[PDB]
Amino acid sequence: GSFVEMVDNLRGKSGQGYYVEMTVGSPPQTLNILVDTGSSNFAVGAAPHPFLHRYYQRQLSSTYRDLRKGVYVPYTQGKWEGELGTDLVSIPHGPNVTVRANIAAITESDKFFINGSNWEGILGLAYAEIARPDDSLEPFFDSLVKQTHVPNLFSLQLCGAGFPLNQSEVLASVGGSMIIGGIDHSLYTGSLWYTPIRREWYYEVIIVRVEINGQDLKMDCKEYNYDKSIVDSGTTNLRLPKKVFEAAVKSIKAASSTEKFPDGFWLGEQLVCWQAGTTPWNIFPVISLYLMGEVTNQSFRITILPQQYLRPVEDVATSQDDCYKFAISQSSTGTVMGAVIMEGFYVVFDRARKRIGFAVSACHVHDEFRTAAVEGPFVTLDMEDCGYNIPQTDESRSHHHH
Ligand SMILES: CN1C(=O)[C@]2(CC(C)(C)Oc3ccc(-c4cccc(Cl)c4)cc32)N=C1N
Ligand code: NI
Ligand code: NI
């Protein structure tokens with residue numbers, strides 16, 4: 001219940017992801033790698049790029065093997081692509097093991113790397129189903145478990161920033177822990193509650209109820225999971241399906257109505273500020289997501305504060321003020337529980353038992369009046385099915401799974 005060596009092994013800049021130090025090759029080449037529960041490839045910069053100080057040099061590794069197959073991964077704003085291979089991989093502030101893993105050597109990319117983020121690659125921690133080019137490319141965590149005696153579980157404590165801030169010219173530093181193979185009891189307090197992983201592709205879960213400041217949104221619960229709900233350390237915001245987003249914003253606007261913010265604020269495109277230390281936290285409501293319990297007809301709730309959904313961004317021009325970005329945003333691809341959710345909680349990705357645990361994080365930002373909370377059970381007699389079934393395309397139906 002104590003993993004001192006892996007506590008505080010995450011770093012990053014606010015809004016630019018949390019990364020862990022990894023080594024690749026023989027002798028070990030250190031890179032900073034974004035921890036991403038929303039994808040399933042281990043992919044690292046492997047050629048010069050303007051935003052990289054360093055990259056994986058395959059020619060310098062005696063243990064590198066080329067798989068003689070390329071990989072191309074487009075997404076909304078751009079792409080990464082490169083060459084598949086295997087090499088020896090370790091996590092210096094992780095388990096004392098070295099594994100041979102698939103590595104996608106990124107040779108070309110567009111709007112992938114971010115100036116100043118300080119990471120050079122991505123560690124996709126989700127399941128094989130969503131790996132590229134296909135599900136036969138074994139993800140890193142699968143290789144780790146198979147090759148070692150590391151328990152099939154990892155846990156994440158993402159610790160977000162708060163005012164006062166150290167620097168005006170750079171983004172706020174963030175920290176956290178990725179405990180590989182276990183649960184560290186110093187990272188949480190109170191009860192640890194589990195929700196089932198609905199299906200092993202993304203870390204998919206089911207939300208059964210949503211409340212804003214104690215008030216039920218009263219929507220068909222399938223709307224909350226349209227077309228999926230996932231836990232994603234590779235997303236900054238809490239992202240909500242259109243209908244849910246609009247309902248949530250209406251409620252948050254109403255509660256906070258003493259303050260008249262520009263439309264740009266609610267779109268996440270503009271900061272709002274108060275004089276240092278005077279932020280009226282109490283005018284902003286708590287948000288509770290009720291997640292399906294392990295027991296039929298049970299749920300538990302995770303509750304977050306405005307300290308989680310209003311992200312601190314220090315303004316060079318107004319460094320005397322505390323300024324915030326609204327970090328709840330609209331989705332067309334379902335609910336995404338990103339850093340806005342995860343920074344409230346210690347989150348246990350219990351792959352062995354097909355479940356995700358939540359407990360109050362020992363590092364969450366709060367005040368003297370309210371705390372992020374994990375509470376249950378809530379019993380609902382004859383609880384409905386809140387899961388959505390994504391329409392099956394012919395292309396996906398046509399795949400064989402041998
Ligand atoms: C949603 N999501 C992505 O778009 C993605 C997809 C992938 C192809 C792995 O590329 C990236 C790259 C950077 C970030 C990023 C960039 C800045 C901050 C953060 Cl948290 C992540 C997120 C992703 N992984 C995700 N989970
Ligand atoms: Ni080191
Ligand atoms: Ni076949």
# chains A, B, ... in the order shown; residues from 1 in each chain; ligands from 1

call {"tool": "residues_around", "arguments": {"residues": "stretch 381-385 of chain A", "least_positions_apart": "6", "cutoff": "8 Å", "atoms": "only C-alpha atoms", "output": "list in words"}}
result
residues 222, 296 and 297 of chain A

call {"tool": "residues_around", "arguments": {"residues": "stretch 146-150 of chain A", "least_positions_apart": "4", "cutoff": "9 Å", "atoms": "only C-alpha atoms", "output": "list in words"}}
result
residues 95, 97, 98, 99, 100, 141, 142, 180, 181 and 182 of chain A

call {"tool": "write_last_selection", "arguments": {"atoms": "N, CA, C and O atoms", "output": "CSV table (one decimal), in the first residue's frame"}}
result
chain,number,residue,atom,x,y,z
A,95,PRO,N,8.3,0.6,-11.9
A,95,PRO,CA,8.7,-0.8,-11.5
A,95,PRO,C,10.1,-1.0,-11.9
A,95,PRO,O,10.6,-0.5,-13.0
A,97,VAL,N,11.8,-3.0,-13.7
A,97,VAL,CA,11.8,-4.0,-14.8
A,97,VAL,C,12.0,-3.3,-16.2
A,97,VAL,O,11.8,-2.1,-16.3
A,98,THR,N,12.5,-4.1,-17.1
A,98,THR,CA,12.7,-3.7,-18.5
A,98,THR,C,12.0,-4.6,-19.4
A,98,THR,O,12.2,-5.9,-19.3
A,99,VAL,N,11.2,-4.1,-20.3
A,99,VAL,CA,10.4,-4.9,-21.2
A,99,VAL,C,10.7,-4.6,-22.7
A,99,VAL,O,11.1,-3.5,-23.0
A,100,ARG,N,10.5,-5.5,-23.6
A,100,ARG,CA,10.6,-5.3,-25.0
A,100,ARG,C,9.2,-4.9,-25.5
A,100,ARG,O,8.2,-5.8,-25.4
A,141,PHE,N,1.3,-1.5,-22.0
A,141,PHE,CA,0.9,-2.1,-20.7
A,141,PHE,C,0.7,-3.6,-20.8
A,141,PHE,O,1.0,-4.4,-19.9
A,142,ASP,N,0.1,-4.1,-21.9
A,142,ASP,CA,-0.1,-5.5,-22.2
A,142,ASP,C,1.3,-6.2,-22.2
A,142,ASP,O,1.4,-7.3,-21.6
A,180,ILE,N,2.4,2.1,-10.9
A,180,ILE,CA,2.3,1.0,-11.8
A,180,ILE,C,2.3,-0.3,-11.0
A,180,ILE,O,3.3,-0.5,-10.3
A,181,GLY,N,1.2,-1.0,-11.1
A,181,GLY,CA,1.1,-2.3,-10.4
A,181,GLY,C,0.5,-2.3,-9.1
A,181,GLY,O,0.4,-3.3,-8.4
A,182,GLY,N,0.0,-1.1,-8.6
A,182,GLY,CA,-0.6,-1.0,-7.3
A,182,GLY,C,-1.3,0.3,-7.0
A,182,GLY,O,-1.5,1.2,-7.8

call {"tool": "residues_near_ligand", "arguments": {"ligand": "ligand 2", "cutoff": "10 Å", "atoms": "only C-alpha atoms and all ligand atoms", "output": "ChimeraX atom specification"}}
result
/A:9,21-23,30,91-93

call {"tool": "write_last_selection", "arguments": {"atoms": "N, CA and C atoms", "output": "PDB file, in the first residue's frame"}}
result
ATOM      1  N   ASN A   9       5.992  11.067  -9.761  1.00  0.00           N
ATOM      2  CA  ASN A   9       6.764  10.783 -10.968  1.00  0.00           C
ATOM      3  C   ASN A   9       6.191  11.432 -12.229  1.00  0.00           C
ATOM      4  N   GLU A  21       8.729  10.069 -17.114  1.00  0.00           N
ATOM      5  CA  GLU A  21      10.026   9.790 -17.714  1.00  0.00           C
ATOM      6  C   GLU A  21      10.084   8.304 -18.097  1.00  0.00           C
ATOM      7  N   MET A  22      10.491   8.027 -19.333  1.00  0.00           N
ATOM      8  CA  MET A  22      10.722   6.660 -19.784  1.00  0.00           C
ATOM      9  C   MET A  22      12.090   6.570 -20.447  1.00  0.00           C
ATOM     10  N   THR A  23      12.619   5.358 -20.564  1.00  0.00           N
ATOM     11  CA  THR A  23      13.826   5.161 -21.350  1.00  0.00           C
ATOM     12  C   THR A  23      13.520   4.210 -22.493  1.00  0.00           C
ATOM     13  N   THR A  30      16.616   8.672 -22.420  1.00  0.00           N
ATOM     14  CA  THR A  30      15.470   9.177 -21.661  1.00  0.00           C
ATOM     15  C   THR A  30      14.618  10.113 -22.520  1.00  0.00           C
ATOM     16  N   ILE A  91      10.756   2.418 -17.077  1.00  0.00           N
ATOM     17  CA  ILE A  91      10.262   3.620 -16.421  1.00  0.00           C
ATOM     18  C   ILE A  91      11.129   3.823 -15.169  1.00  0.00           C
ATOM     19  N   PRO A  92      12.082   4.779 -15.224  1.00  0.00           N
ATOM     20  CA  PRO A  92      13.060   4.942 -14.133  1.00  0.00           C
ATOM     21  C   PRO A  92      12.417   5.140 -12.759  1.00  0.00           C
ATOM     22  N   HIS A  93      11.346   5.926 -12.703  1.00  0.00           N
ATOM     23  CA  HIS A  93      10.600   6.101 -11.463  1.00  0.00           C
ATOM     24  C   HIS A  93       9.334   5.254 -11.544  1.00  0.00           C
TER      25      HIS A  93
END

call {"tool": "residues_near_ligand", "arguments": {"ligand": "ligand 1", "cutoff": "9 Å", "atoms": "only C-alpha atoms and all ligand atoms", "output": "ChimeraX atom specification"}}
result
/A:13-18,34-43,73-80,111-114,117,121-124,232-237,336,338-339

call {"tool": "write_last_selection", "arguments": {"atoms": "C-alpha atoms", "output": "compact mmCIF listing (two decimals), in the first residue's frame"}}
result
# COMPACT_ATOMS: atom_id res chain seq x y z
CA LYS A 13 2.50 22.28 -17.83
CA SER A 14 -1.15 23.17 -17.17
CA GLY A 15 -3.32 22.20 -20.16
CA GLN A 16 -0.48 20.46 -21.97
CA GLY A 17 -0.75 16.96 -20.48
CA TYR A 18 0.98 14.96 -17.75
CA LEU A 34 2.58 11.90 -22.13
CA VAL A 35 0.42 9.54 -20.08
CA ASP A 36 -2.66 8.87 -22.23
CA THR A 37 -5.49 6.58 -21.10
CA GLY A 38 -7.36 7.70 -24.27
CA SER A 39 -5.14 5.94 -26.81
CA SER A 40 -3.20 2.70 -27.19
CA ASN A 41 0.08 3.31 -29.05
CA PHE A 42 3.52 3.95 -27.63
CA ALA A 43 4.74 6.55 -30.10
CA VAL A 73 -2.56 8.16 -37.49
CA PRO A 74 -4.71 11.10 -38.55
CA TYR A 75 -7.02 12.94 -36.13
CA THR A 76 -9.22 16.08 -36.10
CA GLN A 77 -6.42 18.69 -36.37
CA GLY A 78 -3.52 16.72 -37.90
CA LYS A 79 -1.54 13.48 -37.81
CA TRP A 80 1.46 11.55 -36.63
CA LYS A 111 -0.01 19.67 -34.98
CA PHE A 112 1.05 16.81 -32.71
CA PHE A 113 3.96 18.19 -30.67
CA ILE A 114 3.36 21.38 -28.66
CA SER A 117 5.02 21.03 -23.27
CA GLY A 121 6.10 11.02 -27.06
CA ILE A 122 2.86 9.45 -25.91
CA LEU A 123 2.12 6.36 -23.82
CA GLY A 124 -1.23 4.96 -24.92
CA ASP A 232 -9.10 10.10 -20.48
CA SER A 233 -5.87 11.50 -18.95
CA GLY A 234 -5.06 12.70 -22.49
CA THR A 235 -7.91 15.23 -22.39
CA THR A 236 -7.74 18.47 -20.37
CA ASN A 237 -11.43 19.33 -20.14
CA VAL A 336 -14.78 12.69 -21.75
CA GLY A 338 -10.35 14.55 -18.57
CA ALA A 339 -8.05 16.37 -16.15

call {"tool": "select_by_dssp", "arguments": {"residues": "stretch 273-382 of chain A", "states": "strand (DSSP E or B)", "output": "PyMOL selection string"}}
result
chain A and resi 273-275+287-292+298-304+310-312+321-326+328-331+335-337+345-350+355-361+373-379

call {"tool": "closest_atom_pairs", "arguments": {"of": "chain A", "to": "ligand 3", "cutoff": "10 Å", "atoms": "only C-alpha atoms and all ligand atoms", "output": "JSON lines"}}
result
{"residue": "A:398", "atom": "CA", "partner": "ligand 3", "partner_atom_place_in_ligand_line": "1 (Ni)", "distance": 9.5}
{"residue": "A:399", "atom": "CA", "partner": "ligand 3", "partner_atom_place_in_ligand_line": "1 (Ni)", "distance": 7.9}
{"residue": "A:400", "atom": "CA", "partner": "ligand 3", "partner_atom_place_in_ligand_line": "1 (Ni)", "distance": 4.9}
{"residue": "A:401", "atom": "CA", "partner": "ligand 3", "partner_atom_place_in_ligand_line": "1 (Ni)", "distance": 7.0}
{"residue": "A:402", "atom": "CA", "partner": "ligand 3", "partner_atom_place_in_ligand_line": "1 (Ni)", "distance": 6.5}

call {"tool": "write_last_selection", "arguments": {"atoms": "N, CA and C atoms", "output": "short mmCIF file (atom, residue, chain, number, x, y, z; two decimals), in the first residue's frame"}}
result
data_model
loop_
_atom_site.label_atom_id
_atom_site.label_comp_id
_atom_site.auth_asym_id
_atom_site.auth_seq_id
_atom_site.Cartn_x
_atom_site.Cartn_y
_atom_site.Cartn_z
N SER A 398 -17.45 -6.22 -40.92
CA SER A 398 -16.74 -7.10 -41.85
C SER A 398 -15.42 -7.65 -41.31
N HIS A 399 -14.84 -6.99 -40.31
CA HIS A 399 -13.58 -7.45 -39.72
C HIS A 399 -13.72 -8.85 -39.15
N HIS A 400 -12.68 -9.66 -39.33
CA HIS A 400 -12.59 -10.95 -38.65
C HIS A 400 -11.71 -10.77 -37.42
N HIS A 401 -11.96 -11.57 -36.39
CA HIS A 401 -11.22 -11.44 -35.13
C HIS A 401 -10.67 -12.78 -34.68
N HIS A 402 -9.64 -13.25 -35.39
CA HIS A 402 -9.07 -14.57 -35.14
C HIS A 402 -8.02 -14.56 -34.03
#

call {"tool": "closest_residue", "arguments": {"among": "A:226, A:193, A:140, A:64", "to": "residue A:301", "atoms": "only C-alpha atoms"}}
result
A:193

call {"tool": "atom_distance", "arguments": {"atom1": "atom CA of residue A:267", "atom2": "atom CA of residue A:329"}}
result
7.0 Å

call {"tool": "closest_residue", "arguments": {"among": "A:387, A:1, A:151, A:334", "to": "residue A:186", "atoms": "only C-alpha atoms"}}
result
A:1

call {"tool": "closest_residue", "arguments": {"among": "A:119, A:245, A:3, A:203", "to": "residue A:224", "atoms": "only C-alpha atoms"}}
result
A:245

call {"tool": "residues_around", "arguments": {"residues": "residue A:369", "least_positions_apart": "5", "cutoff": "12 Å", "atoms": "only C-alpha atoms", "output": "list in words"}}
result
residues 281, 282, 286 and 305 of chain A

call {"tool": "write_last_selection", "arguments": {"atoms": "N, CA, C and O atoms", "output": "PDB file, in the first residue's frame"}}
result
ATOM      1  N   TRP A 281     -15.540  31.771  -5.362  1.00  0.00           N
ATOM      2  CA  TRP A 281     -15.775  30.341  -5.591  1.00  0.00           C
ATOM      3  C   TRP A 281     -17.202  29.912  -5.271  1.00  0.00           C
ATOM      4  O   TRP A 281     -17.770  29.054  -5.953  1.00  0.00           O
ATOM      5  N   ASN A 282     -17.792  30.527  -4.245  1.00  0.00           N
ATOM      6  CA  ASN A 282     -19.106  30.102  -3.761  1.00  0.00           C
ATOM      7  C   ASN A 282     -20.286  30.376  -4.702  1.00  0.00           C
ATOM      8  O   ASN A 282     -21.375  29.817  -4.519  1.00  0.00           O
ATOM      9  N   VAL A 286     -21.208  22.997  -7.538  1.00  0.00           N
ATOM     10  CA  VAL A 286     -20.533  21.702  -7.668  1.00  0.00           C
ATOM     11  C   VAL A 286     -21.211  20.882  -8.770  1.00  0.00           C
ATOM     12  O   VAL A 286     -22.389  21.090  -9.090  1.00  0.00           O
ATOM     13  N   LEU A 305     -15.473  20.568  -7.927  1.00  0.00           N
ATOM     14  CA  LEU A 305     -15.662  21.966  -7.546  1.00  0.00           C
ATOM     15  C   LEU A 305     -15.306  22.894  -8.701  1.00  0.00           C
ATOM     16  O   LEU A 305     -14.672  22.459  -9.662  1.00  0.00           O
TER      17      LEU A 305
END

call {"tool": "residues_around", "arguments": {"residues": "residue A:328", "least_positions_apart": "4", "cutoff": "8 Å", "atoms": "only C-alpha atoms", "output": "PyMOL selection string"}}
result
chain A and resi 237-240+245+268+309+340

call {"tool": "write_last_selection", "arguments": {"atoms": "N, CA and C atoms", "output": "compact mmCIF listing (two decimals), in the first residue's frame"}}
result
# COMPACT_ATOMS: atom_id res chain seq x y z
N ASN A 237 -10.12 18.89 -20.59
CA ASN A 237 -11.43 19.33 -20.14
C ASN A 237 -12.32 18.21 -19.64
N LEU A 238 -13.40 18.59 -18.97
CA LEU A 238 -14.59 17.75 -18.93
C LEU A 238 -15.35 18.06 -20.20
N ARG A 239 -15.50 17.07 -21.08
CA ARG A 239 -16.23 17.26 -22.33
C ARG A 239 -17.55 16.53 -22.24
N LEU A 240 -18.62 17.22 -22.62
CA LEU A 240 -19.98 16.69 -22.50
C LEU A 240 -20.71 16.71 -23.84
N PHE A 245 -24.07 19.30 -22.31
CA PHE A 245 -23.29 20.53 -22.22
C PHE A 245 -24.19 21.76 -22.06
N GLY A 268 -14.88 28.70 -23.67
CA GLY A 268 -13.50 28.37 -23.34
C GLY A 268 -12.47 29.14 -24.14
N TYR A 309 -13.01 22.90 -12.47
CA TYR A 309 -13.48 23.26 -13.82
C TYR A 309 -13.16 24.67 -14.32
N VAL A 340 -10.02 17.74 -15.75
CA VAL A 340 -11.00 18.45 -14.91
C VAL A 340 -11.66 17.50 -13.91

call {"tool": "decode", "arguments": {"residues": "stretch 269-286 of chain A", "atoms": "N, CA, C and O atoms", "output": "PDB file, in the first residue's frame"}}
result
ATOM      1  N   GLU A 269     -12.875  30.281 -24.698  1.00  0.00           N
ATOM      2  CA  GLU A 269     -12.022  31.056 -25.606  1.00  0.00           C
ATOM      3  C   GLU A 269     -11.549  32.386 -25.001  1.00  0.00           C
ATOM      4  O   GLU A 269     -10.893  33.191 -25.673  1.00  0.00           O
ATOM      5  N   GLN A 270     -11.869  32.600 -23.727  1.00  0.00           N
ATOM      6  CA  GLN A 270     -11.563  33.863 -23.061  1.00  0.00           C
ATOM      7  C   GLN A 270     -11.482  33.697 -21.553  1.00  0.00           C
ATOM      8  O   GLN A 270     -12.342  33.053 -20.936  1.00  0.00           O
ATOM      9  N   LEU A 271     -10.456  34.301 -20.965  1.00  0.00           N
ATOM     10  CA  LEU A 271     -10.273  34.278 -19.522  1.00  0.00           C
ATOM     11  C   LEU A 271     -11.146  35.314 -18.834  1.00  0.00           C
ATOM     12  O   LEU A 271     -11.457  36.369 -19.403  1.00  0.00           O
ATOM     13  N   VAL A 272     -11.544  34.993 -17.605  1.00  0.00           N
ATOM     14  CA  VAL A 272     -12.178  35.958 -16.711  1.00  0.00           C
ATOM     15  C   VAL A 272     -11.333  36.059 -15.454  1.00  0.00           C
ATOM     16  O   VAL A 272     -10.762  35.059 -15.003  1.00  0.00           O
ATOM     17  N   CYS A 273     -11.239  37.267 -14.902  1.00  0.00           N
ATOM     18  CA  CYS A 273     -10.323  37.526 -13.796  1.00  0.00           C
ATOM     19  C   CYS A 273     -10.983  38.189 -12.598  1.00  0.00           C
ATOM     20  O   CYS A 273     -11.988  38.889 -12.730  1.00  0.00           O
ATOM     21  N   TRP A 274     -10.389  37.957 -11.431  1.00  0.00           N
ATOM     22  CA  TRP A 274     -10.704  38.697 -10.213  1.00  0.00           C
ATOM     23  C   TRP A 274      -9.395  39.195  -9.613  1.00  0.00           C
ATOM     24  O   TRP A 274      -8.319  38.698  -9.959  1.00  0.00           O
ATOM     25  N   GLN A 275      -9.477  40.187  -8.732  1.00  0.00           N
ATOM     26  CA  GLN A 275      -8.289  40.625  -7.997  1.00  0.00           C
ATOM     27  C   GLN A 275      -7.731  39.448  -7.188  1.00  0.00           C
ATOM     28  O   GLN A 275      -8.495  38.620  -6.685  1.00  0.00           O
ATOM     29  N   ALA A 276      -6.405  39.379  -7.087  1.00  0.00           N
ATOM     30  CA  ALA A 276      -5.712  38.275  -6.408  1.00  0.00           C
ATOM     31  C   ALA A 276      -6.367  37.831  -5.102  1.00  0.00           C
ATOM     32  O   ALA A 276      -6.542  38.631  -4.177  1.00  0.00           O
ATOM     33  N   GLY A 277      -6.735  36.551  -5.053  1.00  0.00           N
ATOM     34  CA  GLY A 277      -7.282  35.926  -3.856  1.00  0.00           C
ATOM     35  C   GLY A 277      -8.752  36.186  -3.562  1.00  0.00           C
ATOM     36  O   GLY A 277      -9.262  35.729  -2.539  1.00  0.00           O
ATOM     37  N   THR A 278      -9.438  36.907  -4.448  1.00  0.00           N
ATOM     38  CA  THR A 278     -10.827  37.308  -4.191  1.00  0.00           C
ATOM     39  C   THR A 278     -11.857  36.530  -5.030  1.00  0.00           C
ATOM     40  O   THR A 278     -13.042  36.868  -5.026  1.00  0.00           O
ATOM     41  N   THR A 279     -11.404  35.493  -5.735  1.00  0.00           N
ATOM     42  CA  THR A 279     -12.289  34.682  -6.589  1.00  0.00           C
ATOM     43  C   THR A 279     -13.513  34.192  -5.799  1.00  0.00           C
ATOM     44  O   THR A 279     -13.352  33.525  -4.773  1.00  0.00           O
ATOM     45  N   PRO A 280     -14.737  34.531  -6.264  1.00  0.00           N
ATOM     46  CA  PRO A 280     -15.947  34.158  -5.540  1.00  0.00           C
ATOM     47  C   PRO A 280     -16.337  32.714  -5.859  1.00  0.00           C
ATOM     48  O   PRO A 280     -17.336  32.470  -6.541  1.00  0.00           O
ATOM     49  N   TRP A 281     -15.540  31.771  -5.362  1.00  0.00           N
ATOM     50  CA  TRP A 281     -15.775  30.341  -5.591  1.00  0.00           C
ATOM     51  C   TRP A 281     -17.202  29.912  -5.271  1.00  0.00           C
ATOM     52  O   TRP A 281     -17.770  29.054  -5.953  1.00  0.00           O
ATOM     53  N   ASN A 282     -17.792  30.527  -4.245  1.00  0.00           N
ATOM     54  CA  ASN A 282     -19.106  30.102  -3.761  1.00  0.00           C
ATOM     55  C   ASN A 282     -20.286  30.376  -4.702  1.00  0.00           C
ATOM     56  O   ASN A 282     -21.375  29.817  -4.519  1.00  0.00           O
ATOM     57  N   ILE A 283     -20.079  31.209  -5.723  1.00  0.00           N
ATOM     58  CA  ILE A 283     -21.149  31.467  -6.683  1.00  0.00           C
ATOM     59  C   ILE A 283     -21.213  30.406  -7.783  1.00  0.00           C
ATOM     60  O   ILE A 283     -22.191  30.347  -8.528  1.00  0.00           O
ATOM     61  N   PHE A 284     -20.167  29.586  -7.879  1.00  0.00           N
ATOM     62  CA  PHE A 284     -20.097  28.516  -8.872  1.00  0.00           C
ATOM     63  C   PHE A 284     -20.502  27.187  -8.234  1.00  0.00           C
ATOM     64  O   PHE A 284     -20.013  26.861  -7.152  1.00  0.00           O
ATOM     65  N   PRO A 285     -21.386  26.422  -8.905  1.00  0.00           N
ATOM     66  CA  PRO A 285     -21.940  25.176  -8.351  1.00  0.00           C
ATOM     67  C   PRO A 285     -20.983  23.986  -8.407  1.00  0.00           C
ATOM     68  O   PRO A 285     -20.067  23.970  -9.226  1.00  0.00           O
ATOM     69  N   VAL A 286     -21.208  22.997  -7.538  1.00  0.00           N
ATOM     70  CA  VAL A 286     -20.533  21.702  -7.668  1.00  0.00           C
ATOM     71  C   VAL A 286     -21.211  20.882  -8.770  1.00  0.00           C
ATOM     72  O   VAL A 286     -22.389  21.090  -9.090  1.00  0.00           O
TER      73      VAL A 286
END
